[PDB]
Amino acid sequence: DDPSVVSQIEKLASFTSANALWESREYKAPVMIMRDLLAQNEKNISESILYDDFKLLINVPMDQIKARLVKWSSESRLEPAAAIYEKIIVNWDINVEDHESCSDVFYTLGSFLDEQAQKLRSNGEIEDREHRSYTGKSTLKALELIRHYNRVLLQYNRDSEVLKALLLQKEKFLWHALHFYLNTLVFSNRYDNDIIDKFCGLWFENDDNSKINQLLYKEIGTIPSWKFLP
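FYI, in the deposited numbering the residues of the sequence shown are 2037 to 2182, 2198 to 2281.
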């Protein structure tokens, strides 16, 4: 008799087998699966409507736990199926509430977002400006000569006004990675050893940063823990 019961079971069965598959042999790019499961949680909203005792009582087990279901789907697609940084939007919004499990999905995705921040730090920002200046000086026979400059400059300015976009990307999607994975820490147990080292690393390299470390300035203030030993 389905008063929320079968609809929730069917989406659960879908996720239940899927998270085994996400840890299987070769899952190079399951972007599709991520999105299909996302839709089951986003659209089967009436998953709870009829309201009927056992139907409501499913909460006394787990019920949907959408953020976890959503972020598991988000995690298996990481790397080429990550869909670079645009995905941070889809991985966002379903922030639910503090709970017994969940802090760990933020760190898995958060860590990935940082891994991507490093697999970005390959852009030729050294010789970008270097070559621009090279051309500028060299902007002689091929430019200073005359009208050539007008066309060369047109191209140069358009080529020049580009790089800061990647800077902002690194300084923005990572803002979110960190804001949310830091804020979730609160109930630090079970998986903490690996978080301690992670945060050390964040501060270690990201020592001076008024926008990203700002999240860390707050997290330290919000976590006046008496542990901090190693």
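Idealized CB from N, CA, C, for every residue including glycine.
| Apart from the five residues just before and just after residue 2264, which ones in its own chain have a Cβ nearer than 7 Å to its Cβ? | 2257
| query | How should residue 2133 be labelled, buried or exposed, when 16 other C-beta atoms within 10 angstroms of its C-beta is the threshold for buried? | reply | exposed
| message | Rounded to the nearest angstrom, what separates residue 2278 and residue 2213 at their Cα positions? | response | 45 Å
| Can you find at least 3 beta carbon pairs, one from the segment 2096 to 2112 and one from the segment 2068 to 2081, that sit closer than 8 Å? | yes
| said: My assumption, with CB atoms under 8 Å, is that residue 2294 sits in contact with residue 2267. Please give the rounded CB distance. | reply: Any answer about residue 2294 is impossible in this case: the structure gives the chain only from 2037 up to 2281.
| Euclidean distance between Cα positions of residue 2060 and residue 2116 | 17 Å
| said: Give me the residue from 2235, 2210 and 2067 with the minimum Cα distance to residue 2131. | reply: 2235
| query | If you run the structure through DSSP and keep just helix, strand and coil, what is residue 2242? | reply | coil
| task | Count the C-beta pairs between the segment 2039 to 2054 and the segment 2076 to 2095 that are closer than 8 Å, then say yes if the count reaches three, no if not. | result | yes
| query | By Cβ distance, which residues of its chain are closer than 6 Å to residue 2143, with the 5 residues on each side in sequence left out? | reply | 2232
| Relative to the alpha-carbon of residue 2065, which residue among 2164, 2120 and 2049 has its alpha-carbon at the smallest distance? | 2120
| request: Would you decide whether residue 2205 is buried or exposed? Buried here means 16 or more other CB atoms lie within 10 Å of its CB. | output: exposed
| Which listed residue (2242, 2163 and 2276) has its alpha carbon closest to that of residue 2139 | 2242
| Distance, Cα to Cα, residue 2123 vs residue 2079? | 19 Å
| request: Measure how close the beta-carbons of residue 2049 and residue 2069 come, nearest whole angstrom, since I'm counting them as under 8 Å. | output: Rounded, the Cβ-Cβ distance is 14 Å, inconsistent with contact.
| message | Just to confirm the assignment, what range does the alpha helix (DSSP H) spanning residue 2076 have? | response | 2067 to 2079
| At what residues does the alpha helix (DSSP H) containing residue 2199 begin and finish? | 2199 to 2211
| task | Let me know the secondary structure DSSP gives residue 2178 once reduced to three states. | result | coil
| task | Give the DSSP-derived three-state secondary structure of residue 2268 in the structure shown. | result | helix
| message | Rounded to whole angstroms, what is the Cα-Cα separation between residue 2092 and residue 2037? | response | 14 Å
| task | Kindly indicate which residue of 2244, 2280 and 2237 has the alpha-carbon position closest to the one of residue 2269. | result | 2237
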